[PDB]
Amino acid sequence: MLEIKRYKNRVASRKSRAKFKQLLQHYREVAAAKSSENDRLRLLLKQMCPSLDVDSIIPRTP
Amino acid sequence: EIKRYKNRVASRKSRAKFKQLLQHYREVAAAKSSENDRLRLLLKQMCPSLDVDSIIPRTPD
DNA sequence: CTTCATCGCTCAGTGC
DNA sequence: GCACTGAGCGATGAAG
């Protein structure tokens with residue numbers, strides 16, 4: 001039939017759906033890494049310059 | 001006859017929900033990364049004499 | 001005249 | 001009895 005057109009197209013759909021899914025996971029990991037670094041940074045700065053409205057000059061992101 | 005239409009609707013909903021999630025997390029990633037940059041910045045201006053890349057290494061991105 | 005990336009419809013399972 | 005989703009199949013819209 002069009003066996004080869006179909007194998008190619010099936011490979012392509014599996015590629016692109018995997019692409020979006022891993023990109024979503026990737027963001028979730030970047031968010032994770034970031035929020036953790038963020039708390040470390042924020043607490044260290046609150047420690048060091050305790051006369052600064054840190055959580056106001058850089059409000060937390062959700 | 002009907003399972004067909006209702007299934008079409010749910011498949012629309014699935015593609016959308018997941019695009020919404022990809023967007024939401026796409027955004028949270030940028031928000032936290034900019035916040036990370038400004039915190040390193042402000043710590044480097046308030047505690048300049050101090051090494052933040054060995055207390056709190058950057059995670060690439 | 002390829003070659004590829006998305007995505008919409010459908011079907012078959014998969015968890016309410 | 002049902003909503004959700006992984007996946008195949010054709011469009012469709014580029015890219016060369």
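Reminder, nothing fancy here: chain letters follow the sequence lines and each chain counts from 1.
The nearest whole Å value for the distance from the CG atom in B/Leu22 to the P atom in C/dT6 is 11 Å. What separates CD1 of A/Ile4 from P of C/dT2 is a distance of 12 Å, to the nearest Å. Between the CZ atom of A/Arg10 and the P atom of C/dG8 there is a distance of 22 Å, rounded to whole Å. Atom CZ of A/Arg14 and atom P of C/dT6 are 17 Å apart (whole Å). For the pair A/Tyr7 OH and D/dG8 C1', the computed distance is 14 Å after rounding to whole Å. Taking atom NZ on A/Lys5 and atom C1' on D/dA11, their separation rounds to 10 Å, with Å as the unit.
No side-chain donor-acceptor contact under 3.5 Å links B/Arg58 to the backbone of B/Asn36. One N or O on the side chain of B/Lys32 and one on the backbone of A/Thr61 form a donor-acceptor pair closer than 3.5 Å. The backbone N or O of B/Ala31 sits less than 3.5 Å from a side-chain atom of B/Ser34, completing a donor-acceptor pair.
For the pair B/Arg40 and A/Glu37, the salt-bridge criterion is met [side-chain N within less than 4.0 Å of a carboxylate O].
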I'd like a table of atom pairs between the protein and nucleotides 1-5 of chain D - only N or O on both sides, under 3.5 Å - with the distance next to each one.
| unit_1 | atom_1 | unit_2 | atom_2 | d |
| --- | --- | --- | --- | --- |
| D/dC4 | OP1 | B/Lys13 | NZ | 2.3 |
| D/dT5 | OP1 | B/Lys17 | NZ | 3.0 |
| D/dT5 | OP2 | B/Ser14 | OG | 2.2 |
| D/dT5 | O5' | B/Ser14 | OG | 3.2 |

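Counting side-chain heavy-atom gaps under 4.5 Å among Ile, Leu, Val, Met, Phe, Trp and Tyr, A/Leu43 is found in no cluster with other residues.
In this model, the phosphate group of D/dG10 is approached by a side-chain N or O of A/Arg6 to a distance below 4.0 Å at OP1 or OP2.
Every pair passing side chain to side chain donor-acceptor pair (under 3.5 Å) that includes a residue from residues 19-28 of chain A is listed here, sequence neighbours excluded: A/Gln25-A/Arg28, A/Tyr27-B/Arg26.
Within 4.0 Å (heavy atoms only), B/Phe18 reaches no atom of the nucleic acid at all.
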